[PDB]
Amino acid sequence: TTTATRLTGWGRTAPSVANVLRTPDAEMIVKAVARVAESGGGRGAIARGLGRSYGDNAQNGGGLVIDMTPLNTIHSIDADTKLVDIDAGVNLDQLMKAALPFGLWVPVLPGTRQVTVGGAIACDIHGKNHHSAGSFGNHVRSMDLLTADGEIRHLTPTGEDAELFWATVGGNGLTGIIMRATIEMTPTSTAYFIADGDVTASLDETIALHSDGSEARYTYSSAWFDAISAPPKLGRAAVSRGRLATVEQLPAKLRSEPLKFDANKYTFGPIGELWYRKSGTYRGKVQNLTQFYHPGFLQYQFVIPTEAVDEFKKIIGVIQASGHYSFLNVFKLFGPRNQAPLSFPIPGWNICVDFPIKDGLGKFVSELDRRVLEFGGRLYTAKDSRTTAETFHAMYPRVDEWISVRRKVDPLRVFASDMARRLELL
Ligand SMILES: Cc1cc2nc3c(=O)[nH]c(=O)nc-3n(C[C@H](O)[C@H](O)[C@H](O)COP(=O)(O)OP(=O)(O)OC[C@H]3O[C@@H](n4cnc5c(N)ncnc54)[C@H](O)[C@@H]3O)c2cc1C
Ligand SMILES: O=C(Nc1sccc1C(=O)Nc1ncccn1)c1nc2cnccc2s1
């Protein structure tokens with residue numbers, strides 16, 4: 001039933017061989033964990049979703065990896081309570097399509113829909129709406145967690161077991177296997193957005209636009225920014241902001257089915273600067289999800305706290321003068337954090353960059369880690385495969401508190417991964 005498979009993260013780096021169990025039968029998963037628990041802990045077990053983490057959080061060299069994607073039943077959707085009850089292997093695209101006809105919207109969508117609900121919880125994912133909706137864990141009402149002793153515990157965010165609930169959110173699979181969850185969805189009358197677009201000429205303008213108060217008027221907001229040009233052009237951005245449309249805001253063509261989801265010689269001169277400004281400046285444009293949201297590399301994402309604006313500008317300056325060129329760059333201002341110890345988002349300047357693998361890059365991102373740490377920020381474990389334990393621990397000062405929860409729920413270290421070992425979360 002288990003196959004020896006070479007597994008990697010999305011970045012296709014640091015591979016390890018594991019026995020991969022792939023079964024639609026939940027009882028076989030219970031017994032596999034029972035087999036691991038009795039085997040003297042060994043090199044343990046980890047759950048795998050769709051393999052979309054860039055890191056090593058869903059591989060376990062010389063141990064067991066449980067593929068959760070065959071557990072992909074939607075058990076119920078209720079439009080009155082807004083609740084969805086789903087197997088942990090359901091993906092967000094499947095969930096999005098099943099939920100729309102009930103006038104229900106997935107409360108947090110990331111930059112891809114090909115992620116499992118189990119992965120969304122364990123990485124406590126965020127999206128364009130973080131500053132208004134928080135992260136994924138904010139909307140989970142219950143989950144069923146297969147723990148180290150082969151018992152399935154029913155966890156809720158408040159009441160008895162809250163501590164373990166909140167350790168599982170952002171816990172990277174290290175408290176056990178999420179088998180099943182109940183999610184509160186966002187009500188919607190349409191599958192469309194009304195969107196405003198803005199184009200800033202500089203890092204100073206981009207920052208200015210995010211702190212001038214206009215952010216409170218939009219439920220969704222993010223930006224593509226320039227990380228390659230010299231100042232003054234460094235940090236200029238195309239900002240995309242909006243909210244879900246109501247039926248009366250749609251054009252007539254679309255109002256019958258409101259919830260249906262189905263390089264030239266001018267480019268780098270004054271004329272195209274104008275073109276790009278015109279095309280990226282608009283108000284009240286009706287967009288579907290695809291238009292608004294879903295249009296040898298090292299991914300790197302960090303957040304710097306809100307008040308550390310001058311420090312944020314400095315990190316961006318360090319990035320462009322490094323000789324490492326990142327063309328695809330996402331910037332967002334995060335809102336309030338949640339109570340999960342290992343949750344990534346904190347209020348502040350969030351940035352995702354992507355560097356081509358090249359001489360000197362590993363040592364340069366270590367230096368970046370140091371800057372991010374010193375400025376009170378942290379890195380995202382769904383993007384990272386190379387930070388040290390000591391860096392991570394200083395970035396997440398509630399780690400000891402989390403570790404304490406993990407010891408009670410897994411005394412024999414049944415649940416283990418390459419990431420847990422590297423980051424000394426074991
Ligand atoms: C193109 C792209 C865009 C992205 N955009 C964003 C974004 O905008 N925002 C954001 O937050 N993230 C983003 N991500 C990261 C992604 O959302 C997370 O890495 C997510 O956790 C991956 O889900 P997965 O099912 O593929 O999980 P995997 O990558 O397979 O596993 C991730 C972690 O979840 C745990 N896990 C998986 N299933 C279970 C389970 N049933 N029980 C317990 N633990 C489990 C694993 O053990 C592992 O620790 C992006 C990734 C890609 C490739
Ligand atoms: O974290 C990410 N995006 C974030 S963080 C906060 C907001 C957003 C975000 O808004 N994503 C996004 N926005 C517009 C178009 C496409 N994606 C991404 N990581 C990767 C990695 N590879 C490809 C795309 C992305 S988006």
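Note that ligands are numbered from 1 as they come in the structure, with each ligand's atoms numbered from 1 the same way. In what follows, residues are counted from 1 in the order of the sequence shown.
At least one heavy atom of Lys383 sits under 4.0 Å from some atom of ligand 2. Residue contact check for ligand 1: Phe344 places no non-hydrogen atom closer than 4.0 Å to it. For the pair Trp224 and ligand 2, a heavy-atom separation below 4.0 Å is found. At least one heavy atom of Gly51 sits closer than 4.0 Å to an atom of ligand 1.
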Take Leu174 and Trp402, measure what side-chain contact (heavy atoms from CB on, under 4.5 Å) needs, and give me the verdict at the end.
CA-CA 10 Å; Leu174 299 159; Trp402 184 86; 3.7 Å; yes
Tell me, with the steps shown, if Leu92 and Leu95 meet side-chain contact (heavy atoms from CB on, under 4.5 Å).
CA-CA 5 Å; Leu92 295 188; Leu95 178 60; 4.1 Å; yes
Run the side-chain contact (heavy atoms from CB on, under 4.5 Å) test on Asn350 and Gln301 for me, step by step, so that the C-alpha distance in whole Å, both residues' side-chain angles and the decisive distance to 0.1 Å come before the verdict.
CA-CA 7 Å; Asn350 166 79; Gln301 180 171 358; 2.9 Å; yes
Could you walk me through whether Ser214 and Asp212 pass side chain to side chain donor-acceptor pair (under 3.5 Å), step by step?
CA-CA 6 Å; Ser214 63; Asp212 72 348; 2.8 Å; yes
Worked check of side-chain contact (heavy atoms from CB on, under 4.5 Å) between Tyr380 and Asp124
CA-CA 10 Å; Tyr380 192 16; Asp124 192 18; over 6 Å; no
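Remark: ligand 1 atoms within the under-4.0 Å shell around heavy atoms of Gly111 are 3 (C), 5 (N), 6 (C), 7 (C), 8 (O). In the vicinity of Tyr380, heavy-atom distances shorter than 4.0 Å reach the ligand 1 atoms 10 (C), 11 (O), 12 (N). Which parts of ligand 2 touch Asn350 is read off a 4.0 Å heavy-atom cut-off, strictly below it: atoms 5 (S), 6 (C). Interface of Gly119 with ligand 1, defined as ligand atoms under 4.0 Å from a residue heavy atom, comprises 20 (C), 21 (O), 23 (O), 25 (O), 27 (O), 34 (O), 37 (C), 38 (N). Atoms of ligand 1 lying under 4.0 Å from at least one heavy atom of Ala88, given by number and element, are 41 (N). Each of the following atoms of ligand 2 lies closer than 4.0 Å to a heavy atom of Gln299: 21 (C). Close approach of ligand 1 to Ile125 is summarised as follows: ligand atoms under 4.0 Å from at least one heavy atom of the residue are 11 (O), 17 (O). Per-residue contacts place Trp10 under 4.0 angstrom from the following atoms of ligand 1 (heavy atoms of the residue considered): 53 (C).
When ring centroids are compared, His210 and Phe331 come within the 6.0 Å threshold.
For a threshold of 3.5 Å applied to N or O pairs, the pair formed by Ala47 and ligand 1 contains at least one separation below that value. Between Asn172 and ligand 1, at least one pair of N/O atoms sits closer than 3.5 Å. Close N/O approach between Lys383 and ligand 1 is not found [any backbone or side-chain N/O within under 3.5 Å]. Between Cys123 and ligand 1, no pair of N/O atoms sits closer than 3.5 Å. Residue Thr116 places at least one N or O, backbone or side chain, under 3.5 Å from an N or O of ligand 1.
Across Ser222, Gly111, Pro110, heavy-atom proximity to atom 13 (N) of ligand 2 is greatest for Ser222. Of all the listed residues (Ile178, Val65, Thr175), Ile178 holds the heavy atom that lies closest to atom 41 (N) of ligand 1. Between atom 22 (C) of ligand 1 and the options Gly170, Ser53, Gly9, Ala122, the minimum heavy-atom separation is to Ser53. Around atom 23 (C) of ligand 2, the closest heavy atom drawn from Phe344, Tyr54, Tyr220, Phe292 belongs to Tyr54. Distances from atom 43 (C) of ligand 1 to the heavy atoms of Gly49, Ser417, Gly176 show the closest one on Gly176.
For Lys358, the NZ atom is densely surrounded, since the number of other residues' heavy atoms within 6.0 Å is greater than 12.
Proximity of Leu50 to ligand 1, defined as any heavy-atom pair under 4.0 Å, is shared by backbone and side chain alike. Heavy atoms of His126 found under 4.0 angstrom from ligand 1 belong to the backbone as well as the side chain. Contacts with ligand 1 closer than 4.0 Å are made by side-chain heavy atoms of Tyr54 only, the backbone lying farther away. Residue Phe297 does not touch ligand 2, judged by heavy-atom distances below 4.0 Å. Within the 4.0 Å heavy-atom criterion, the part of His126 lying near ligand 2 is the side chain and not the backbone.
Ranking protein heavy atoms by distance to atom 7 (C) of ligand 2, first place goes to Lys332 CD, 3.7 Å. Nearest non-hydrogen protein atom to atom 16 (C) of ligand 2 is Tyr293 O, 3.3 Å. What sits closest to atom 51 (C) of ligand 1 on the protein, heavy atoms only, is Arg52 O, 3.6 Å. In terms of protein heavy-atom proximity, atom 8 (C) of ligand 2 is nearest to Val330 CG1, 3.7 Å.
A donor-acceptor contact closer than 3.5 angstrom is absent between the side chains of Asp354 and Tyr300. Counting only N and O atoms by type, the side chains of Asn138 and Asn338 include a donor and acceptor under 3.5 Å apart. Side-chain atoms of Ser221 and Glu215 form a donor-acceptor pair, as typed in the model, at a separation below 3.5 Å. Between the side chains of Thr156 and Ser142, no donor-acceptor pair is found at a separation under 3.5 Å. Between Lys332 and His126, the side chains place no donor N or O within less than 3.5 Å of an acceptor N or O (distance only, hydrogens not considered). With hydrogens and angles left out, the side-chain atoms of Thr175 and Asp410 include no donor and acceptor closer than 3.5 Å.
A cation-pi arrangement is not found for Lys383 relative to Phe344, the charged atom failing to lie both closer than 6.0 Å to the ring centre and inside a 45° cone about the ring normal.
Between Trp349 and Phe312, the two ring planes are parallel [angle under 30°; tilted spans 30° to 60°].
Ionic pairing of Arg386 and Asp384 is present here: one or more N-O contacts between side-chain nitrogen and carboxylate oxygen are shorter than 4.0 angstrom.
In this structure, OG in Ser189 is found 8.5 Å from CD in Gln249, a value given to the nearest 0.5 Å.
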